[PDB]
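Residue numbers (PDB author numbering), protein chains in the order written: chain U, 130 to 209, 220 to 243; chain S, 28 to 83, 94 to 162; chain T, 132 to 152, 161 to 242; chain R, 12 to 282, 584 to 754.
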Amino acid sequence: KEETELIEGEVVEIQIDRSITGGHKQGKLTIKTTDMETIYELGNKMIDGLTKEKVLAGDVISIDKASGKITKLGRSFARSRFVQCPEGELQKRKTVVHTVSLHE
Amino acid sequence: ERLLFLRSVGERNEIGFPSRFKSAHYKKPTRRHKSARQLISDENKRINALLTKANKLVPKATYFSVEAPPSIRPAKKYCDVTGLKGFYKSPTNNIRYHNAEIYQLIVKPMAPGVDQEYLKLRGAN
Amino acid sequence: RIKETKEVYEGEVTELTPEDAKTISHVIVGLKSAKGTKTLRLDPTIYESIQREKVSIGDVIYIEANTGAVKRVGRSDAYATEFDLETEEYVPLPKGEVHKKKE
Amino acid sequence: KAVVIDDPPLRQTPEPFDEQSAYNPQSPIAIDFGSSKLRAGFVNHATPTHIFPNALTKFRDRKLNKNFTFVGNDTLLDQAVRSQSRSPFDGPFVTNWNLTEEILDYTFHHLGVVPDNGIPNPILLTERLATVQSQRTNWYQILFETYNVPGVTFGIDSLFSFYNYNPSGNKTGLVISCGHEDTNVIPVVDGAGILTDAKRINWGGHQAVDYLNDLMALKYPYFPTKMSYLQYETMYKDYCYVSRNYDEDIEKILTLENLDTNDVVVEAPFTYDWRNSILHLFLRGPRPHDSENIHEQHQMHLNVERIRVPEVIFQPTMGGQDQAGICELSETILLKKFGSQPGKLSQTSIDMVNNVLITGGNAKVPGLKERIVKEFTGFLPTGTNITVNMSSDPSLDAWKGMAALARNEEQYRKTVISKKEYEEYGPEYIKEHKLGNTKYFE
């Protein structure tokens, strides 16, 4: 049994800011659930991880901070695959039970 | 019996205008208000005047040099309501909060003008 | 049956200043734990292994003195609020000494 | 149960004056001009004789049509005259000087002095670090003109505390002062304060009590009863302590097992479940709330702020000040100055570490010494001997420093400013000694 802290919500809006020379990248990400909404100040490796595997507005994603892997769950129900918006707290400590054989 | 008691302490500690303690020559000058904020401003005006006079030998000790420099390590973020660890910051009024219950109970239904006096404690207005 | 001694330095990196004799002659590393700090001179091969793990200032590392293996545990908790979101895991400081000796 | 808090009780007996027959015109007078309290007395006693708050009232009697004056402990006789007390200090400086002059006349009367043509005794005095010279100019204008003093010495109270705990005058240590309006870290090398490396943090006891006032008015905005400054002062003095580890104590202080023991409730004077609610545990503690109770509507819960109010002197950015704490300034002084490469301590650094002294009136908070010791083992090399000393009453060590300096006759004359030097050098001239200030220029 192991526990891993996870972040999963719906992307509201993403700003990518470049300097004059483009050496330093600054960013802001707004992500919400059905119960809360927040804005995060992004670092450089978050910016490179979001530019790769392109994430737009209205996208439901799951972010692992300690490993840097971000997966797109789907798209939210916003006509303006289709997955519903997540609920509860944005930052959940979740316990996953692993079973591994002796041969592995 | 109560209102008469302070009169005794009054006549015990009275000092007349010909005061027994100060010297014979008074020459008491007029006094301005001279508020606390004003003193630092006239001080930096004075040392700026002296620095411009000396520039056209070099001082090192001023009132800027005694004041503690800002930190190099990053600061710790805290919740503006409970004082716990602040994980999230609201995008509308920039108030850090702990979890969803605090957000829905305080941060969302808040009256305006209270966010500035929230941010006044850490001076973020 | 072989009798061997395990010697381990661990802690948060405070100083990483190489110098050239380009060829580097030695690097000096300063490690910090909850019981104090301790600085070490290092040979350039362990500096190359430090550069293998992408070790910067503030990273908790693991150095074995005899073998020379370098393991990067992760960034320390004192630098956990430089960004609100980052791909770097954060580990607390070791509660013991930097130097550990075991037979 | 819920305890109750009121204003502190008033003094039944006024301050007595010393006997006039024991006066001599050769003993000096030591006066600590503190913002919170004034300590004064003759040098021949080890303990000061007069301690009272620095305040004055112009009481007007209706049947007398006279403006009576109550100073210090005389203000502790009526609630109305205690509420009307006005301190001469506005922040870290002195603004009006008539109040100071009348206070000085009061303490000259109450010390048992029979002077003629001014005060015949030399005066020991305190000055803040790197003071704007208008204050010392007005101090000269009071003393050398109105009071006809033979000699006046200027110094810093933390350095006087260091002299009191090191009477040789040639020691080496680090002084941390926690005053009413500021916090100072001054390094001492060879008995002399290195004032080019001293640092000041704009925080004190007054700012901490104001922080508690703003936090407490913020937590319960619909509270009906208004409480005074003294009530915030006494619940700051009573239920505040320094946490040993702030980053560990926060994450468990809202746990239900922690509010069973570490929650204190006080009462203002007058005459689905809640087990999973963080906000309910923060507001009304680990007990169910009766919103219709009049007594429970006059209750104050202190759970988080007990470790949050005294912590601001270590992280000043919580109080709105973009300054470093005591730990960061001490680390910078002991590891990057005085010829100390980081990772290789010099001998001056080791001697400064071995004689760390805490003084000031705000050092009475519990857990301060152990927390300072833990940080000092944090940023120092292993095996470095750290000694931290704190007196039983660190609010009185400056006056004992006055007594120890004026008893020691050898280096006493290096600090005295006579009338002749005042008239010949004018008012802008600094006596450069160990315990006092330094020149602004090189």
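Where is the CB? At the ideal position from N, CA and C, for every residue including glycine.
Rounded to whole angstroms, the separation of the alpha carbons of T206 of chain T and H238 of chain T is 15 Å. When rounded, the separation of the alpha-carbon atoms in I42 of chain S and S35 of chain S is 14 Å. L692 of chain R has a beta carbon lying within less than 8 Å of a beta carbon in chain T. Secondary structure at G52 of chain R: strand, using DSSP grouped into helix, strand and coil. Taking 9 Å as the Cβ-Cβ cut-off, the stretch 205–226 of chain T approaches chain U at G213, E221, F222, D223, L224, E225 and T226, given in chain order. Of R:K732, R:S32, R:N256 and R:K676, the smallest CA-CA separation from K234 of chain T is found for R:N256. When the beta-carbon positions are compared, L226 of chain R and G204 of chain R stay at least 8 Å from each other. Chain-order list of chain S residues neighbouring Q230 of chain U: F124, by C-beta distance under 7 Å. DSSP places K648 of chain R in the helix class (H, G or I) of the three-state scheme.
Taking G748 of chain R as the centre and dropping the five residues before and after it, the same chain places the C-beta of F165 and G166 closer than 6 Å to its C-beta, in chain order. The secondary-structure analysis by DSSP pairs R232 of chain U across a beta bridge with U:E134.
In the DSSP assignment, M630 of chain R forms no beta bridge with any residue. Taking a cut-off of 8 Å for Cβ pairs, the stretch 662–669 of chain R and the stretch 234–244 of chain R do not touch, as fewer than three such pairs fall below it.
Sorting U:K161, U:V236 and U:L202 by C-alpha distance to the C-alpha of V140 of chain U places U:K161 at the top. The DSSP-derived three-state label of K240 of chain T is strand. A straight-line Cα-Cα distance of about 41 Å links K210 of chain R and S188 of chain T. At a cut-off of 4 residues, the continuous stretches assigned as alpha helix (DSSP H) that sit fully inside the stretch 165–209 of chain U are 173–180.
Under a criterion of Cβ atoms nearer than 8 Å, the residues of chain T adjacent to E170 of chain U are, in order, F222, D223 and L224. For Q190 of chain T, the secondary structure class from DSSP, reduced to helix, strand or coil, is helix. In the three-state DSSP reduction, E733 of chain R falls in the helix class (H, G or I). Between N173 of chain U and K154 of chain U, the CB-CB gap stays under 8 Å. Contact annotation for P654 of chain R against chain T: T145, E146 and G169 [CB-CB distance below 8 Å, chain order]. Within the same chain, Cβ atoms closer than 8 Å to the Cβ of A207 of chain U are found at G187, the five residues on either side in sequence being excluded.
In this structure, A98 of chain S lies away from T727 of chain R, with their beta-carbon atoms at least 8 Å apart. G690 of chain R and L87 of chain R have their C-alpha atoms spaced approximately 46 Å apart. At a cut-off of 8 Å between C-beta atoms, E166 of chain U counts as an interface residue with respect to chain S. Among the CB atoms of chain S, one or more fall inside 8 Å of the CB of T159 of chain U. One Cα belongs to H52 of chain S, the other to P198 of chain R, and the distance between them is close to 43 Å. Here DSSP, grouped into helix, strand and coil, assigns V677 of chain R to coil. In this structure, DSSP gives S108 of chain S a state outside helix and strand, which the three-state scheme calls coil. Residue environment analysis places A63 of chain S among the exposed positions, since fewer than 16 neighbouring C-beta atoms fall within 10 angstroms of its C-beta. For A66 of chain R, no beta strand (DSSP E) segment is defined, and its DSSP state is neither H nor E.
Just measuring C-alpha positions, the residue of R:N720, R:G655, R:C639 and R:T245 sitting nearest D17 of chain R is R:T245. Within chain T, the residues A217 and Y218 have their CB atoms less than 8 Å from the CB of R110 of chain S, given in chain order. About 35 Å separates the Cβ atoms of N76 of chain R and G45 of chain R, ruling out a contact at the 8 Å cut-off. For the stretch 96–121 of chain S, the set of positions with a beta-carbon nearer than 9 Å to some beta-carbon of chain R reads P96, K97, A98, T99, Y100, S102, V103, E104, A105, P106, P107, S108, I109, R110, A112, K113, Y115, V118, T119, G120 and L121 in chain order.
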